[PDB]
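Encoded as structure tokens, the structure appears first; notes follow it.
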Amino acid sequence: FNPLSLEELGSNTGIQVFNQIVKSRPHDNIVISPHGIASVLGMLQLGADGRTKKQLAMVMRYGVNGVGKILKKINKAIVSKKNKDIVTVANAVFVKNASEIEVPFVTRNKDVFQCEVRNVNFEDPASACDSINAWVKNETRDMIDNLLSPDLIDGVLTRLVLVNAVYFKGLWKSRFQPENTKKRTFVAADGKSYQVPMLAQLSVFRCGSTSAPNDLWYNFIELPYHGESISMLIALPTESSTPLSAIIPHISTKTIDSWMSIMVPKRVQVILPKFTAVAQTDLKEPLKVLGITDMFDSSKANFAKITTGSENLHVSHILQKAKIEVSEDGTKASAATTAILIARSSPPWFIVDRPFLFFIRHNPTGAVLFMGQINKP
Amino acid sequence: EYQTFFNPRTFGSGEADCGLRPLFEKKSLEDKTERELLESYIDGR
Amino acid sequence: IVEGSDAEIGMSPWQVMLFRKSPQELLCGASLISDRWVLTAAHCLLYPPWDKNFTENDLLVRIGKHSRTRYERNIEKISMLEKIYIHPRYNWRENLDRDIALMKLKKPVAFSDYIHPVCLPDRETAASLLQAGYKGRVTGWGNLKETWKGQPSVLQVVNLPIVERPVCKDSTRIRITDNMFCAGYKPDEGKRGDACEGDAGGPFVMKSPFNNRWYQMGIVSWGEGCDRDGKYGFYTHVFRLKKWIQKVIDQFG
Ligand SMILES: [Ca+2]
Ligand code: NA
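Chains as they are written, first to last, in full-length UniProt numbering: chain A, 22 to 398; chain B, 319 to 363; chain C, 364 to 511, 517 to 621.
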């Protein structure tokens, strides 16, 4: 159906994974790419068969086949240079060297998920790590570069390695002025307060706020990018005595939409921490919970459409690394001109000085490129 | 005394008697702080 | 208005309130220059950077008012706009030059003790009155302070001295222009005061010691805060734009 309803399914899966990781590590900084996860599951599903494919299909809610076109268009639009803001995305599946990979698998992967699939001698740990870590460094413009160590990918007991990497740092439609970037108090999870640099700007932003199923209230602001297609969403508890963990679990794409229909424009002093978030995620355990356990089983895993022979192929390592930087850089002063003047009278504040979660959203598709929680900038 | 000015057909009625206030001028009465405005022209500051 | 006082009944019969239909709220100030014509600031109804463009239909004008919120039947008179004519040279981008608009009334408003039009200055009058050192009168329902009841109960008024161009100019990084003048007290004078949020579009008026009439010499436009030390309110130089006003009046009448 609608390429929007489809992207909804993918993003949802990624969010559910986010909720899992978050509950296990409440006070840590977690950055994930919900949509990225949907692409990884797709990459996998393309060369999987039997029980394995069955599991992936029932979680994704859609089958790669007959949809690829829809998936390729969305995955193409996201990175499309038409966004003005560039979203670097790397996708690779590495296979044992002593195994002949199939042509249609490689062809389709690069076509739908812009994914590079190729062999690599895991027999030599150090040689493989460098070979892989180097591909990420290149595919991400030196943005990301350290997914595997030497103590991780070891021996021939390692057969299949999946990797998804996402980096982003567009240009604000309303750039912050460095002169206005000073250090302000931030209250961490533990309760301790830290002095942290924060971006500050006076302008019109879309705001709003509602209560969770548990009747706890939170606020949310939209910070659009100069591209006009990708925007950043920020939501945090209204009451300081409210833990972020009390709103997270109640947030799906469905709620993200409400946000869009509820928010109204208002002149505000938006103050948010200036930071650079980078996290690496092991998707194995979370994905098992969803019901995908086969592919992680040396024997039960069924990847026939991946290999020319009947060699046993399973997922040894499935990883994602997401990196995002929030800074002043953005478009400049044209509406900033007199807009600075009409502020005849101090405006309300949107101060993000407590643990908060953020979203990078590709509006046209609905794709949720980033989902994160910042417990300590 | 006032002039001209503007066309009453396209401007509407008013100009002729503009500037004069019914509750003050048209009654030889001064508002509280208007003297200040006058005294301003010749106060030397 | 900041550091002003309550206006007396019928003290500013040309004063107009720019009121929005939905929701119902105060938008700006304005002045009545005739039977069917109202003057106001451009940015009060056109500001792209905020996505603001109202239309004859989005707006209402309230005339003869005194209270800021109360309904004064038999006193005030609400009217609708047949058409809006804002100045094409209106530089809404950088400095707000030509901050001015006209607004024609669907039906001619009847004059009374609370509704009377203000005069517009001719070359000689503008030359005689508009000088640094002279004082003018500002009025509006704007806020009582820049930062902080907050909103006045009734029409406010304040008298301010016209300032020297060189001074006004060395007061802001903004690029002033011959189309705007600024008024207000120097920091070392004691008396203070200024317009503020909501006062925009309001009239800056002066009284002729020659003919006892009141003239509108400026329109409340912009300022950097409210009642700031070292800062001054900037007003639209009306006369310097009287030609356009005449063109529209006769053309789009
Ligand atoms: Ca003087
Ligand atoms: Na001042």
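Note that beta-carbon positions come from the ideal geometry of N, C-alpha and C, so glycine has one too.
Just to make sure I have the definition right: I need the residues of chain A whose C-beta is within less than 9 angstroms of the C-beta of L459/C. Which are they?
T358, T359, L362 and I363
Contact with chain A by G593/C, beta-carbon distance below 9 angstroms:
yes
Neighbour list for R363/B in chain C, Cβ cutoff strictly below 9 angstroms:
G496, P529 and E557
Just verifying my parser: in three-state terms, what is the DSSP assignment at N33/A?
helix
I'd like to know whether the C-beta of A489/C is nearer than 9 angstroms to at least one C-beta of chain A.
no
Can you tell which of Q66/A, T302/A, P245/A and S45/A has the C-alpha that lies nearest to the C-alpha of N323/A?
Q66/A
Which same chain residues end up closer than 6 angstroms to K287/A when comparing Cβ atoms and leaving out the 5 residues on each side of it in sequence?
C228
Counting only beta-carbon separations shorter than 9 angstroms, does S170/A have a partner in chain C?
no
For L378/A: DSSP bridge partner residues:
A256/A and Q394/A
If you follow the alpha helix (DSSP H) that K295/A is part of, which residue opens it and which one closes it?
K295/A -> no alpha helix (DSSP H), and no H or E assigned at all.
Using the Cβ count rule (16 or more neighbours within 10 Å means buried), how would you classify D278/A?
exposed
Say yes only if the C-beta of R596/C is nearer than 8 angstroms to one or more non-hydrogen atoms of ligand 2, and no if none qualify.
yes
Could you please give me the residues that DSSP links to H605/C through a beta bridge?
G586/C
Along the alpha helix (DSSP H) that carries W238/A, what are the first and last residues, could you check?
It is not in any alpha helix (DSSP H) - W238/A instead sits in the beta strand (DSSP E) that spans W238 to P245.
Among all residues, which have a Cβ less than 6 angstroms from at least one non-hydrogen atom of ligand 1, and in what chain order do they fall?
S358/B, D361/B, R363/B, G496/C and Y497/C
Quick one: Cα of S60/A to Cα of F134/A, how far?
7 angstroms
Do the stretch 145-157 of chain A and the stretch 79-93 of chain A touch if we need at least three Cβ pairs shorter than 8 angstroms?
no
Does ligand 2 have a heavy atom nearer than 8 angstroms to the CB of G518/C?
no
Residue environment, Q584/C, which counts as buried when at least 16 other CB atoms sit within 10 Å:
buried
State the Cα-Cα distance for the pair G392/C and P385/A, rounded to the nearest angstrom.
41 angstroms
On the criterion of 16 or more Cβ atoms from any shown chain inside 10 Å, does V124/A qualify as buried, or is it exposed?
exposed
So, does the CB of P286/A fall closer than 9 angstroms to a CB anywhere in chain C?
yes
Compute the minimum distance between the beta carbon of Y600/C and the heavy atoms of ligand 2, and state whether it is under 8 angstroms.
yes
Just verifying my parser: in three-state terms, what is the DSSP assignment at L444/C?
strand
Taking 8 angstroms as the cut-off, is the CB of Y553/C close to at least one heavy atom of ligand 2?
yes
Are the CB atoms of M548/C and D618/C within a distance shorter than 9 angstroms?
no
Presumed contact (8 angstroms Cβ cut-off) between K415/C and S442/C, rounded CB distance
Contact flag wrong, Cβ pair sits at about 22 angstroms.
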